[PDB]
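Only one chain is included here, represented as structure tokens and corresponding to the form deposited in one PDB entry.
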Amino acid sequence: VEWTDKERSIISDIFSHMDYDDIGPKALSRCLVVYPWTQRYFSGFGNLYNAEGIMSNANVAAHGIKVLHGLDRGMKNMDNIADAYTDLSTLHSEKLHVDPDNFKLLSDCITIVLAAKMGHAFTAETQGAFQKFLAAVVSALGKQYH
């Protein structure tokens, strides 16, 4: 949508210091237990049976890191995020058949994990900028569903 310079810098900061290797596994892990229905999409991933099992599941660590990177295009073309997700939207709908509501659930986990990591740095102004960015990306992910 329309971005203020502040949001641009806030978004720029967060990604600059993001430990994709730490946030990604933990954000995807937290999603799989907090919203167990999301497990269906990861049939071959192995142990998704309880908290422990998800928490130490290699398939999930690696994929979370991946999921988080998927955002990278967005903040890298902040004025063209919808178009930037044309393909993934198509991938997610027609190839993977993923209920886009999960986009919002995982977005929320990502937000909750970034907050644990950033602590006091996760100010209200930072939460707003991050959620705004994520909502925009979520909209873009479910564009191609028809």
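Start at 1 and count along the sequence shown; that's the residue number. Only residues modelled in both forms are compared. Between two forms, the rigid core is defined as the largest C-alpha subset superposing within 1.5 Å.
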Comparing 98-106 with 42-50, where is the mean C-alpha B-factor higher?
-> 42-50
Average Cα temperature factor in the PDB entry - higher stretch of 31-39, 87-95 = 87-95
Most elevated Cα B-factor in the entry, residues 118, 60, 112, 67 = 60
Would you mind ranking residue 12 by its C-alpha B-factor against the rest of the chain and naming the third, lowest, middle or highest?
-> middle
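Keep in mind that the form deposited in another entry is not shown, yet the notes after this line are about it.
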Among 80, 86, 39, 56, whose C-alpha is off by 2 Å or more between this form and the one not shown on a rigid-core fit?
-> 56
Since the C-alpha distance between residue 70 and residue 54 changes by 3 Å or more in the other entry, give its direction relative to the shown form: closer or farther.
-> farther
With a C-alpha distance change of 3 Å or more, do residue 51 and residue 37 lie closer or farther in the other entry?
-> farther
Only counting residues present in both forms, give the runs of 3 or more in a row whose C-alpha shift is 2 Å or more between this form and the one not shown, core aligned.
-> 44-56
